[PDB]
Every structure is written in structure tokens, then in C-alpha cells.
Amino acid sequence: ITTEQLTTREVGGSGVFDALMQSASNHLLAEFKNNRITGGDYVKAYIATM
Amino acid sequence: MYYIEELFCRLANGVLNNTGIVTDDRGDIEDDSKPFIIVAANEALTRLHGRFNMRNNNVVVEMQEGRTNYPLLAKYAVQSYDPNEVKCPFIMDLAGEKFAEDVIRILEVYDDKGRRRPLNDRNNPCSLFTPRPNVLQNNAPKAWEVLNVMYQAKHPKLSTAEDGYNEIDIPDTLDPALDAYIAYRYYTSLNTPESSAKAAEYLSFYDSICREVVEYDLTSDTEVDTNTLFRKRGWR
Amino acid sequence: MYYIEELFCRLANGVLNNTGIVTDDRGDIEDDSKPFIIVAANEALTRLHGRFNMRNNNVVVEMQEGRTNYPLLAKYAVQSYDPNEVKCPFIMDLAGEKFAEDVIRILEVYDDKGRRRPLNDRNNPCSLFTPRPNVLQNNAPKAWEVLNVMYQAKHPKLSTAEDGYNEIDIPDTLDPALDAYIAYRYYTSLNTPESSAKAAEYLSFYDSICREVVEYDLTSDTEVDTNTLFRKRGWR
Amino acid sequence: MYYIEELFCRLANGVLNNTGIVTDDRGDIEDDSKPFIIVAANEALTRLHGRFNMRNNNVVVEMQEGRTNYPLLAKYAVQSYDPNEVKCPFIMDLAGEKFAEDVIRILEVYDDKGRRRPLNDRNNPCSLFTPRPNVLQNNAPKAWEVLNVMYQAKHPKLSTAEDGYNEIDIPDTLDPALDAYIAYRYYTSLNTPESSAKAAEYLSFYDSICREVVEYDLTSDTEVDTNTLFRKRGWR
């Protein structure tokens, strides 16, 4: 086990931490395209789960 | 004047720049969400043309024997009447200038002989009456009597269809007011409390723009004329 | 008097330095968001030209028989018109800059004979009328009648496209107001409570600058002239 | 008068002493951050020269046949005109005193024969007009008519280039006002709420300094003159 597997410096990589970020972002973006949350509201919720 | 597509671009790169209803390139609104903007856009134009007397349009009405009420509807226009149920139209217009029922408030009426006709004068036997805002009533239709009605008119209703209108003709100083009202309608639709606070800001901004135009009179709303009562009163 | 390129550099090294809309070196704005600034820039310039009578321009209109409405549009000018659509343009700009379609409010109208034609005088038989703010109406076009219209003109529309207008001509004391208004639109579009508070401050700063200009009269907006009614009334 | 480098040192050892844009020795601002200060510095100087009538400069304009509008731009100066598109310049200046388009507001105009020329007097046929703040219009260009225009002038724009201006000429009592405005612009750029509160303090301090100067009249802004209407009115 290395620190690379835990997270990659690039966003959306193969890291476990990266996978959770992309998965959480996709769920929020699903409602973003449903016209129920603004862009500012979307990013605020994304940061709060970091 | 500009196409409705430019309005979509302006909204895409404007107040709605951070919304989920815009395209990935910020070039246009989502196609399925376009009718939402169109409904709001028509509503915004109606309010602007009410507070400000920007457009003054006139129509021609021909008196028909045996008829007293003359609704100002497109089904009675020569270019849009159905001969099956209408014996003959009495509203006259052109092929490229079809009547669009844009009547808001009647201002003055002149007959074919050039005499001003009083409106809603209950004590005047020859005066005309308006039982409804968009209905004109004449109590004595003559043989060759033709009436011209000059009224404050709204902007023609926009439509995404090809045959419908696809252009906007408003003073460019009111463009921020148009965008603010559309933004207010969109953010008010979302029921999140954060969007509610943002919605009120645009509505307040829209009202501020309208009063600024009135304050400086950028649309030539104020009108004056030379005094005529001095001669009529016999002051000499 | 500077080109549109300096505006991006000034904004990048100015109010919008902290935001991510600028390049890595803070020397220019991203191409993906350049039209966003252009829309705000056009909106800001219209507001300034409405509050202040900075620019005054005149046009020449040639009367054509059979036409009573003369819109002041670019497609009816002798330059930048389609010969296939309109057979004879009636707006002459043979010399100098082309007609930019920047009409806000009509001030006065003088004919070729050298007299003054009354405007929007309902009781005057020979007065002109304006059914729309940018449309001039004449009720009796003559054979060789030519009208000159003096109006308050806004800045021509800016565009980053090829062969567009890319020059800004405003008094240098109004530059902070331009930057404040553009920043106000950018921050208020983020729908963020932290950015919303910042956006309100810029709007107040923009209004503060404008009232400062009026207070000291840096634009020479006021105008006075020698009284002529003293002799007209026969006081002697 | 002092070099712009001294301004950088004063800011480095002044309001910006606790910022990340200064050198490790607190002797100068970071080179890549220098254009940010220059843009703010020019903006601050414009505001000071507007509220306070500190600099009064005059220019010489030569009337040219067939020309009525005379923009006050450097491209029409003898030391900076391009012969390719300009037949002959009409703004006269010296090699070491090149015209810098520092016009803010026109005060008075005198011809070569020593007669005062009224400005913006609509009822006076011989009066001059200014359709734009930096454009002078003469409706009757004579043969040898030469006009001198005295106007309130802004400080020349600073530039880091060697050929550009690198000196500041303002009353030393306004130096804290200059520093406060630059500090306000810098702290306003940062969007952190803590910096926002600090930014407002400098702006309020800048306004307080300006009113203090007005209160004590340290720049000799107030001006009076001996009464002349007593003789002209014929009181005797």
C-alpha cells in the first residue's frame, strides 16, 4: 500500500479519495442538470464534504 | 432590434451564466428549457409596455350594419377570419402586418371624415363606449362609417415557431430591466431559501432601472403641447 | 480613447485580479469568458450614456414619398445596407464614421430650409411625431424635404468579432465606474453569499462615483444660455 | 516631485508593509505585481484632480479650412501625428512637452486676437459648442483663426517604460490620500471578509483626508475676484 493508491495529485484519478470526490460530484451534478440547484449552491455542498 | 437567439446568448452569458439550464459552451439555453424563458420573456415585455408608453399603434375598423359590438380579435381580421362562421371581416390589415391583438388601452378614435369621437362620455349621445377593454361598441352604425382606433400597444408575442415572431424591438436602455425580470422569475421558481434572497435582488434591481429611466425621461414619455384653451375660452 | 485589448489587461490587473477568470500571468482574460465581459461592458456603457449627456450626434434623413415612418436603423443607411432588400436608403453618412444605430432620445429636428420643426406637438398641424423612441414619423413627405435630427447618442456596440467595433471613447474620470459595474455583474452571478456581499459594495461604489461626477460637474452636463424671452415678450 | 520608485518604497514601508507583494527587504514591490499598483495609482490621481482644481493647463488649436470638429487627441498633435492618414496637424505642442490628452473639463477659450469666446451658448451664433467633453467644435473656421483652450488637466499617466512618465507632481498634503486609495484597491481585490473590513477603513480615511483639505483650503481651491458688474450695471 502506497500513498499513490490513497489519492492522486490529479483530480478524478484512480485514488480512493479521488473516487469519492468524483462520485459525490456526479450526484450533485445530476440535480444541477435537473434545474433545482444553482452553481454556487452546488460548489458549496461539494466543498463541505471534503 | 435583434433575434431571440441573441437574447438566449445574452442570458447564457449574463444573469443565468451559473445555471444548469445553459449549454456546456455557455452559448445557448437548453432546448427543453427554452419555453420556460419564452413565457417569462413575454410577461416581462408586457409590464414594460404598460408602465412606459413606448409603442403607439393604430388599427382600422369598418362599421357593419346590424352590429354594435366590435371585438378587437384576430378572428375578425381580413387576413385571419374563417369564412365558415364569419360573414365578412371588419378589421382591415395587411398580409405582412397581420393584426396580433396587441391592444392594451384605447387612446383616441377618429372617423373617416376626420372628426374626433369622444369615448366613454355617458352624457354625450354620439359618444362611443367600451364595455370591455378590448371591445369597441358603436350605438349608431352608419352606411359608410369607418373608424380608426389609436391605442397603446404591447410587443408582439414571441414564439419559437418559424412562422411566429422571433425579434425584439425595445429601447436598448431597458435591456437590463428585461434580464432582471427574467432572472427574478427563474430564481423565484426554485424554492430553496438561498435562491429566494437572490430572486428579490433582481426584482429590486429591475424596479430601480425602471425608475431611473422615468427620472431622466430616456423614452420621451413626457409630452406637452401648445395651449389651445386660451383661444377657446375667448381670453384674446 | 483606448482599444478593447487594454480593457482586458486593465481588468486583469485591476478589480478582477483575484478571481480565476484571468490568465496565469494576470495579463488577459480567458477566451472562453471574453463575451461575458463584452455583454457587461455594453450594458455598463449604456447606463453611463443615459445618466450623462456625454455624446451628441446628428443624422441626415431624406424624405421619400409614400413612407411616413422612418426608423433610424443601420440597414436604412447609405452605408452597410443591402441593395437587394432596400432600393433607396434614406440615411446619409457618406463622410466620417458609419451610422452605428445608437439613438436614445431625440432632442431637436431641423429641416434643410433652416427652420425648426416642432416635435411631438399634438396641437401643431406641422409637428413631427415619434410613435416609437427610435422611429421618426412625418405626416407630409415633400419632394425635396430633408431633415436633420439631433439626438443623445450612446456608445457604439462593442464586439470582439472580426471587422467589429473595438474602441472605447468615454471620459477618463468615468473609468472607475465602468470597472465597478462590470465587477458587480460578475460577482452577483456566482450565487454565493460571500460573493453577493462583495457584489453589493461594487454597485454602491459605482453609484458613488457617478454622483461625485455630478457634484463637481466634471462632464459639463449643465447648460445655460443668454435669455431671449426678454425681447420676445416685448419688455424692452 | 519624486520618482515612482520612491512611491514604491513608501508603499512598501507604508500601508502595504504586511503584504506578500513586497520584497524580502521591504524595499520595493514585487516586479510582477508592479502593473497592479500602476493601474491603481493612475486611477487614484484622476479622482484627486477631479475634486480639486490643482492643475490648470492650456493648449493651442489652429483652425483648419473645411473642418468643424476638433478632437483633442494626440494623433492630431504636430509631435505625434502620422502623415499617412493626417494631412496636417492642428494641435501645436513642443518636443519636450508632447500633448498627453489630459483634458478633463474646458474652462475658457480665447482667440488669437484676445477676445473671449462663449461656450455652449445656444442662443449666441458666434458661440462654440462641445458635443463631447474632449471634442471642440467651431461652426465658422476663418482664415487665420487660432484658438487657445484653457482647461482643468489630469496628471499625466504613469508608465514603467523608460520613455514614459516616471514622476509624480501632487501637493504633499495629499500623499496619505493617495496611499489610502491604493490600499483600498488592493484590499478590496482580496475577497476574504477580514480584508473587506480593512479595505473600507482606508476608503473612509481617504475621504476624511480630502474633506480636511477642503475644510482648511490647503490647495487654494477657493477663488475670488474684484467686482466688475458694478461698473457694467451703471450704478456708478
# chains A, B, ... in the order shown; residues from 1 in each chain; ligands from 1

$ residues_around --residues "residue 66 of chain B" --least-positions-apart "4" --cutoff "10 Å" --atoms "only C-alpha atoms" --output "ChimeraX atom specification"
/B:140-142

$ residues_around --residues "segment 37-52 of chain D" --least-positions-apart "2" --cutoff "9 Å" --atoms "only C-alpha atoms" --output "number ranges by chain"
C: 10, 13-14, 172-173, 175-176, 212-213, 216, 218; D: 8, 29, 33-35, 54-55, 104, 152-160, 170, 174, 177-179, 181-182, 185-186, 210, 214, 219, 221

$ write_last_selection --atoms "C-alpha atoms" --output "PDB file, in the first residue's frame"
ATOM      1  CA  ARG C  10      -6.729  46.711 -17.005  1.00  0.00           C
ATOM      2  CA  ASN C  13      -4.546  43.818 -13.326  1.00  0.00           C
ATOM      3  CA  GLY C  14      -7.421  45.636 -11.619  1.00  0.00           C
ATOM      4  CA  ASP C 172     -11.325  59.016 -18.229  1.00  0.00           C
ATOM      5  CA  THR C 173     -12.960  60.099 -14.959  1.00  0.00           C
ATOM      6  CA  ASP C 175     -13.301  54.583 -15.855  1.00  0.00           C
ATOM      7  CA  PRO C 176     -13.684  53.512 -12.179  1.00  0.00           C
ATOM      8  CA  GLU C 212     -19.314  62.551  -7.381  1.00  0.00           C
ATOM      9  CA  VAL C 213     -19.073  63.472 -11.070  1.00  0.00           C
ATOM     10  CA  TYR C 216     -18.316  68.591  -9.231  1.00  0.00           C
ATOM     11  CA  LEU C 218     -16.710  67.091 -14.487  1.00  0.00           C
TER      12      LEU C 218
ATOM     13  CA  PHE D   8       7.054  52.017  -4.346  1.00  0.00           C
ATOM     14  CA  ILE D  29       7.100  45.893  -4.615  1.00  0.00           C
ATOM     15  CA  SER D  33       2.867  42.909  -9.162  1.00  0.00           C
ATOM     16  CA  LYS D  34       4.084  46.366 -10.238  1.00  0.00           C
ATOM     17  CA  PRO D  35       1.484  46.860 -13.033  1.00  0.00           C
ATOM     18  CA  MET D  54      -4.976  71.640  -8.801  1.00  0.00           C
ATOM     19  CA  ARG D  55      -3.606  71.690 -12.366  1.00  0.00           C
ATOM     20  CA  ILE D 104     -10.871  66.880 -18.094  1.00  0.00           C
ATOM     21  CA  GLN D 152      -8.523  71.594 -15.925  1.00  0.00           C
ATOM     22  CA  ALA D 153      -5.954  68.865 -16.547  1.00  0.00           C
ATOM     23  CA  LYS D 154      -5.259  65.475 -15.005  1.00  0.00           C
ATOM     24  CA  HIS D 155      -1.840  64.220 -14.008  1.00  0.00           C
ATOM     25  CA  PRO D 156      -0.001  62.526 -16.901  1.00  0.00           C
ATOM     26  CA  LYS D 157      -0.446  58.765 -16.916  1.00  0.00           C
ATOM     27  CA  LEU D 158       2.403  56.890 -15.252  1.00  0.00           C
ATOM     28  CA  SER D 159       4.203  54.059 -17.022  1.00  0.00           C
ATOM     29  CA  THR D 160       7.020  51.693 -16.089  1.00  0.00           C
ATOM     30  CA  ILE D 170       0.935  66.475  -6.475  1.00  0.00           C
ATOM     31  CA  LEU D 174      -2.473  64.636  -0.373  1.00  0.00           C
ATOM     32  CA  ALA D 177      -4.957  60.221   0.409  1.00  0.00           C
ATOM     33  CA  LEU D 178      -3.060  58.655  -2.495  1.00  0.00           C
ATOM     34  CA  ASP D 179      -1.783  55.815  -0.303  1.00  0.00           C
ATOM     35  CA  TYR D 181      -6.904  54.779  -2.178  1.00  0.00           C
ATOM     36  CA  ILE D 182      -4.198  52.396  -3.409  1.00  0.00           C
ATOM     37  CA  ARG D 185      -7.984  48.943  -4.136  1.00  0.00           C
ATOM     38  CA  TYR D 186      -5.536  46.239  -3.042  1.00  0.00           C
ATOM     39  CA  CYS D 210      -9.973  65.004   1.224  1.00  0.00           C
ATOM     40  CA  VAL D 214     -11.304  71.322   1.639  1.00  0.00           C
ATOM     41  CA  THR D 219      -4.731  73.873  -2.125  1.00  0.00           C
ATOM     42  CA  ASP D 221      -9.167  75.945  -4.304  1.00  0.00           C
TER      43      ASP D 221
END

$ closest_residue --among "D:72, D:146, D:180, D:95" --to "chain C" --atoms "only C-alpha atoms"
D:72

$ calpha_fit_rmsd --fixed "chain C" --moving "chain B"
0.8 Å

$ select_by_dssp --residues "segment 29-221 of chain C" --states "alpha helix (DSSP H)" --output "PyMOL selection string"
chain C and resi 34-51+175-188+193-216

$ closest_atom_pairs --of "chain D" --to "chain C" --cutoff "6 Å" --atoms "only C-alpha atoms" --output "Markdown table"
| residue | atom | partner | partner_atom | distance |
| --- | --- | --- | --- | --- |
| D:36 | CA | C:13 | CA | 5.0 |
| D:121 | CA | C:225 | CA | 4.8 |
| D:122 | CA | C:225 | CA | 5.9 |
| D:131 | CA | C:56 | CA | 5.2 |
| D:132 | CA | C:55 | CA | 5.3 |
| D:189 | CA | C:15 | CA | 5.7 |
